[PDB]
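> Quick one: experimental structure and sequence below.
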Amino acid sequence: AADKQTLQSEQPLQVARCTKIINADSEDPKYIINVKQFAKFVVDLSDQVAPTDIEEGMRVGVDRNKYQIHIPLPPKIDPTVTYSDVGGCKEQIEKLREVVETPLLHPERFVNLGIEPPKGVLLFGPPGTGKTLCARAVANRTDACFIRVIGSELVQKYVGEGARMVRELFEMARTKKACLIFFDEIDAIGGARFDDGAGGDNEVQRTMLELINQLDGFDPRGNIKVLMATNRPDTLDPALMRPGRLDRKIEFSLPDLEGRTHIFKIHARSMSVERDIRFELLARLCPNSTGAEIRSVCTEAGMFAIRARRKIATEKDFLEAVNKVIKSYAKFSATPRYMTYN
Amino acid sequence: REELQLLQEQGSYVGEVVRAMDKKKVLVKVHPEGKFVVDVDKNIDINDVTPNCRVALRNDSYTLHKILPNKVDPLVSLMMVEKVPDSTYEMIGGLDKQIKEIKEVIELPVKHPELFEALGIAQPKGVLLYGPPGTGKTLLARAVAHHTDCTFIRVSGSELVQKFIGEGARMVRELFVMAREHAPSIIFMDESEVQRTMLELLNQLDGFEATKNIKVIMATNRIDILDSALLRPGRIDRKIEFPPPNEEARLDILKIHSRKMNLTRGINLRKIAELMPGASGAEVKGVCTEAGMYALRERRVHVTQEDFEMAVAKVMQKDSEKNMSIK
Amino acid sequence: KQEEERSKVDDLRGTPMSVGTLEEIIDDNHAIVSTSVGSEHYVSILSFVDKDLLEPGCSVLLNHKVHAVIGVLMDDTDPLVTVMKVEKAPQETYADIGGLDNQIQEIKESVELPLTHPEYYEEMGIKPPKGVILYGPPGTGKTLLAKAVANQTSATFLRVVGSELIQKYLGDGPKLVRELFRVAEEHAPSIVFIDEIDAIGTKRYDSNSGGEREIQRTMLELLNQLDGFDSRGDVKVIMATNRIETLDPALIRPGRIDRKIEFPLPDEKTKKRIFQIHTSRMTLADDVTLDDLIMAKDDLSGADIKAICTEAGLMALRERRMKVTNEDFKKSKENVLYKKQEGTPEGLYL
Amino acid sequence: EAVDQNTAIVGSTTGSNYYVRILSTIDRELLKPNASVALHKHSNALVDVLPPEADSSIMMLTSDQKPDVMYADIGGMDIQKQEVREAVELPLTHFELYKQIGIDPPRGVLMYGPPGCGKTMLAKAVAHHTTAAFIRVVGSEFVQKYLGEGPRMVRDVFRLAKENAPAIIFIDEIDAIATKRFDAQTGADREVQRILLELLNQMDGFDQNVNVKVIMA
Ligand SMILES: Nc1ncnc2c1ncn2[C@@H]1O[C@H](COP(=O)(O)OP(=O)(O)OP(O)(O)=S)[C@@H](O)[C@H]1O
Ligand SMILES: Nc1ncnc2c1ncn2[C@@H]1O[C@H](COP(=O)(O)OP(=O)(O)OP(O)(O)=S)[C@@H](O)[C@H]1O
Ligand SMILES: Nc1ncnc2c1ncn2[C@@H]1O[C@H](COP(=O)(O)OP(=O)(O)OP(O)(O)=S)[C@@H](O)[C@H]1O
């Protein structure tokens, strides 16, 4: 009973049903609310509130008897959002150097020649290829800053909540200088305006409009660069294909052979192997593979290096690792077992 | 009769108690609603709270007031569905080794539970009597387990496969409460709430049984190609098919469905059974009925053999069609 | 005395009391409560109960009329925790070596040896396997090997069936995921086992809400909880199925589940041992040759061998014979397999 | 259900379930099924019980909507006409000509032929000639949303059928709702499954005194 008497004084002070906001009229507050389950409503406010902060994508206090608007806050928040080896793909970091580094170093080549600074890139390539590494490998030279954002993190079940996190990311971006948010799975974020008379997946729609608004147009970017990752330039918008926003389209695909030797260097140096072995034979054994699968190969040679007590990996450890992954774990073991060839 | 203002306040509903806790409180979870913890009345005990037994909650202040029997009540909704007291042995004629299999699987747990429980395990639980639907399977199973007279209460268990099963069924184990409080009975079924109910069967009939296995039976058609998560041999013990009945069985069923008729002396039934190609059970009855129809269109009281042969020409031709023997 | 303070707390309460699911801290002790159906006034809390026992968004004791928070919820004994929290380390590690021997070694040096000696990753800078899907044909040993690692252990084993998470209430299953991973968090280094999550994908019910919008949310809570944040560290979780078609690939991807392990239906060289050991504890007329049964069924599981080796003795002891005739093995195998069709084809290699 | 003397449990059409004190007015055995009972608005108590309910959505057309067609009004359907007469009207009076020969009562029937043979015309005429309670439905409304909905329709028809009489009741559809393909997880499989299982499991082989000759064509 540490506060029991005051609890017998709050019984005449009780208000404010949850009631998320759909939208409003114009010229006036005149908002529109669904409660949860019943119906819809075209509401108006109580007088002692701020009609400013009753904006769309919010859940306000609402009276029982008059449904008049009381004080909001964001009642849906915080759990909502989950480089020495610079040199992976080759022709890519140089175009990365261009579109990122050259506006962030000099407005000398750009404004004087009469062009606008290229500010955004459409990365495209298969997954497991190092979009994350090149993205973060930008952040050695800027200052140190990076944030990572998967697209389907914004799949949360309230209207404009993803747009609210667009608000959050763009008002964290301008707090800091020379920073890097990263984008990925930008198809579910939306590039195509699919519509018929259904009214469904619309938080994506208004969040994507919020994305076009805060991205480019109405106080542009400055010392903020954001890469967008995909397998397709096919499911995007012609409003960010507005030709001065995302105009480079850096290309890469599976590495050649020597790229895989470089990734062999990378995931050989960062673990316990022996420094007397080669990798080009293993590079021949990987005609189509990813550096993520090179990580799997190196961790599997580490699994053999667990099997026997090995901290100095032989060539045979990586031999049986590749033999494990590409021929004895590609599906089972028995695509070989015939000569006809040798 | 003046007391009946007691009527005029309270339709004090049936309450749903999971279990009670200390400090004179319970857990009542009202019938389409959620958890509401309250105090109890004075004329029932915290001791009187049985695990998952319904109560009589007055809705004054949700005073936990009285406790009610019968313990589930979708129960008699299924117990008022069985109700088929059918006929006798002599109209079966021919699945007789399958009748001895029915003896082995059913009648010995009826007569002697501890002549299979003396072996050390439980009993079988099903035969999966598949085949062409309607060979007298209804007649066979219902008749032979009709004459046990108190150990087979054919629930049919799937007539509303979408409404008996899950739409009121807790975890259809109202069926199992029936199987335990009518410990001499039998469960009959047809075809993912069906899969969940399969998994609660596997919670029970995988060697964890009160009244011995009871006897859960489904029989399917068209090809035994339901979802194979039911078809492990440790889910349905025995599996018995129904062949097309043979010349002996067609003859026996022919005597069965010819006996009650107005009979002409000087007939040869074997000839008619030889003409039949082994159809699935009672085209015997089709020939008998259409010969009665030929006697109906005409006017006779003696049913000769040529009338049956005309009925054979009716319901035996097509399949027909030669210049096709080849093979 | 204490009695009057306790009575005044009890009369802060109003005897019809209720229960509602929350979302978020409102730090200055006034709160707001969804119900099941969510009607949410700016409520208080009865300030002698501990508000800070609990993390955001969980059931508490409420009122019906002013909706205010009253007490902490009871630690509600759902039927899961008694099954989820594995009571004893049961039995059956290996009564009989010679059933798999391929992925026994694999499950050993992938589940025991990283966990029971977490000092090899010190030398070689390797991450442990978090999730491994053990799968294959039905009746192989997946549940068996799960129990084998469940007894042969030094970690607090946990065992979960995939249909334990399927209840008709709204948000019930996600709460069961929450309490499930509380159980997975708050024992020890632990070996969670999950079974039957291929019986969850093409599955809809009648004791149910909107079907594709019910366990999408539950398995999405599983997604956001299992290998999301709330740092992984050392918590062993094993999931097992029979088929892989109904699996969302969002969980099959790395980060969440590393190793993919099938199981072959075994060769005849180990069928002889599995048929022998399943027949090791009965009386049998030893003239009969199981090599017929061993060579016959071309894709036998061990439940096949189980039902055969027991049901032949059942057909013999059916008429009270201790030892089994070979045609009782015929009757047994032709009961066990519906239409034992492995002869020609083929049959006629030959 | 009833707990005790003159006090029982009723669910309602309001959504929830209730436990009610019931009067001595209704006889103590009139409450075996989930029968149509009457309660109070305010205070929820039994007054009366009505044993039947649930007409079949048009209920037999009741008067006149027999299309007024005779036997010879049909041009040429003589085997179908004549045999339907033999298996509908001659059984309807002469139950005992099926007893001195000892045959069977009737069930449904099947027709076929090209579109334009007057396929509904026979049903028109046999509805006209008869005396019975010609409850009709049609087929393609059986494909509906909720669980067992059309199955509930079939059981409404059957319970009302056994409530009226074994008189004559009628359905005219076979095609494309009840094809022989049981085996396809291809769309509305809940509905396809419940329709197929409902047709077979209410067919039952027989009900033996109800619903004379569902004619399918
Ligand atoms: N070209 C490359 N050069 C160096 N390392 C590479 C390269 N490609 C892949 N890798 C390695 O493999 C990993 C690939 O996994 P991540 O980049 O972390 O995830 P990801 O799948 O590449 O991200 P996405 O799908 O491309 S957005 C990298 O982190 C490196 O460890
Ligand atoms: N010690 C052992 N070593 C190897 N195999 C064994 C051993 N003990 C039993 N077995 C076999 O392992 C099988 C285990 O069956 P389970 O895997 O439980 O079948 P299952 O439960 O149907 O699998 P599902 O379908 O994925 S749930 C038994 O049928 C035995 O034949
Ligand atoms: N043999 C006929 N001679 C003359 N008019 C006919 C004949 N058969 C049908 N009609 C006409 O068609 C009506 C009945 O035809 P229906 O019985 O409905 O044929 P139908 O059922 O529509 O064919 P289906 O069902 O698509 S195969 C009668 O009222 C007549 O007007």
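Arrived safely. Numbers count the residues shown, from 1 in each chain, chains lettered A, B, ... in the order given. Ligands and ions are numbered 1, 2, ... in the order given.
> List the contacts of the residue nearest the centre of chain D.
Centre of chain D computed as the mean C-alpha position; nearest residue by Cα atoms, centre = their mean is residue D:157, 2.5 Å away. With contacts defined as Cβ atoms under 8 Å, 6 or more residues apart in numbering or on different chains, the neighbours of residue D:157 are D:56, D:135, D:137, D:169, D:171, D:211. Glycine gets a C-beta too; all of them are placed from N, C-alpha and C.
> And the contacts of stretch D:121-138?
Stretch D:121-138 is contacted from outside by D:56-61, D:66-71, D:73-74, D:77, D:80-81, D:84-85, D:88-89, D:92, D:111, D:153, D:157, D:160-161, D:164-165, D:167-173, D:212, D:215, using Cβ under 8 Å, 6+ apart.
> Could you give me the PyMOL syntax to select whichever of the residues you listed are buried?
Remark: buried members of those, expressed as a PyMOL selection using 16 or more other Cβ atoms under 10 Å in any protein chain shown:
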select buried, chain D and resi 56+60+69+71+74+77+80+81+84+88+89+92+111+153+157+160+161+164+167+168+169+170+171+172+173+212+215
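> Tell me the helix or strand right after the helix or strand the residue nearest to the centre of chain D falls within.
If you go by DSSP states H and E, residue D:157 is part of helix D:149-164. Helices and strands here follow DSSP H and E; after helix D:149-164, the next one along the chain is strand D:169-171.
> so what secondary structure elements neighbour that next one?
Counting contacts by 3 or more Cβ pairs under 8 Å, 6 or more residues apart in numbering or on different chains; DSSP states H and E, strand D:169-171 packs against strand D:135-137, helix D:149-164, strand D:215-216.
> rerun that using 7 Å as the cut-off
strand D:135-137 (3 or more Cβ pairs under 7 Å, 6 or more residues apart in numbering or on different chains; DSSP states H and E).
> residues contacting residue A:239?
By Cβ atoms under 7 Å, 6 or more residues apart in numbering or on different chains, residue A:239 lies in contact with residue A:212.
> For the residue of chain B found nearest chain D, which non-adjacent residue is closest in space?
Here chain B gets closest to chain D at one residue, residue B:11, 3.0 Å apart by Cβ to the nearest Cβ. Excluding the flanking residues, the one nearest residue B:11 by Cβ to Cβ, 6 or more residues apart in numbering or on different chains is residue D:44, at 3.0 Å.
> And for residue C:323?
residue C:285 (3.9 Å).
> ok, that neighbour - contacts?
Residues in contact with residue C:285, defined by Cβ under 7 Å, 6+ apart, are C:323-325.
> how much space between it and residue A:11?
85 Å (Cβ to Cβ, to the nearest Å).
> Please apply the same query to residue D:217.
Distance of residue D:217 to residue A:11, given as Cβ to Cβ: 73 Å.
> Settle it for me: which of the two has more neighbours?
Neighbour totals were compared for residue D:217 and residue A:11, and residue D:217 leads with 17 against 12 (other Cβ atoms under 10 Å in any protein chain shown).
> who's in contact with that one?
Residue D:217 sits in contact with D:111-112, D:119, D:172, D:174, where contact means Cβ under 7 Å, 6+ apart.
> Flag every residue of the stretch 201-327 of chain B that's near chain D.
Within the stretch 201-327 of chain B, the positions near chain D by Cβ under 7 Å from any Cβ of the partner chain are B:222, B:225, B:260-262, B:289, B:292-293, B:295-297, B:301, B:303.
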